[PDB]
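As structure tokens, one chain now follows by itself in the form deposited in one PDB entry.
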């Protein structure tokens, strides 16, 4: 079944993973160099063994695809997955006057009443970002995240390049190019930036009218992140194929360090109990073609029948 490589990766880290220390709990179990392949003609690789929220994946991807780095767009779609890094820039600031949190998130799991103050402050931040243009410009903007690296890469001349747009024009004109690459890794930013990109780079490839995509991901939370990551890049591959008038080929997912956190171990073990179901199918607006102006409604997922989410 389509999603088995994901479950093999989880199991392989369980059986053959190497322990290492770090932060956010005791440490990790990891392997280096693993690869997962998904034949996108067999269905869409959204995990059936655990519910993965496709609406949050769709809206995050469309956000990148607009070259947008402001969480306001994501808030307008009820998508809060980028909030904390924005919240963090505001909390750590001089403009902020509420109950202090030197390290929320860590402390948010401990207290059942600091989690009360935090979730209110965060709710307030979310609202000011939604309705106050200047506050949003200042704190809603994450700066160097995927929308900018993909579509507005900052040059030495103080100019800006649309890598993804240029690659898509090349797919249409030079489909057999071996240079169809988008990188998110900028040696100039990477040593000071808040979040050096995990989704380091990707490459397209065309054969027999089918579009494939390989992602090199330097670092991967196998439990929390990888199931979202697989669905974002599979969707990316479908959308680019649609624009270019091609079929879909393979999505190949290649890792540097893929890891399980030492406290996510029983969660992934229970998921290994479950038996994949047949895969959903994706439907794209058949009469719209520029994916940089696609909206939520232009993307549909059919027949998705997941096991429950594992709140971990």
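What we label the rigid core is the largest C-alpha set whose atoms superpose within 1.5 Å from one form to the other. Numbering follows the first chain given and starts at 1.
Separately, the form deposited in another entry exists; it is not shown, and the next lines address it.
Chemist: Would you mind telling me which residue of 300, 12, 288, 25 shifts its Cα by 2 Å or more between the shown form and the other one when the core is superposed?
Modeler: Between the two forms, the residue that moves is 25.
Chemist: Superposed on the rigid core, does the Cα of residue 166 end up 2 angstroms or more away between the shown form and the other one?
Modeler: No: residue 166 shifts by under 2 Å between the shown form and the other one.
Chemist: Could you check whether the CA atom of residue 112 moves 2 Å or more between the shown form and the other one, using the rigid core for the fit?
Modeler: Indeed, residue 112 is displaced by 2 Å or more.
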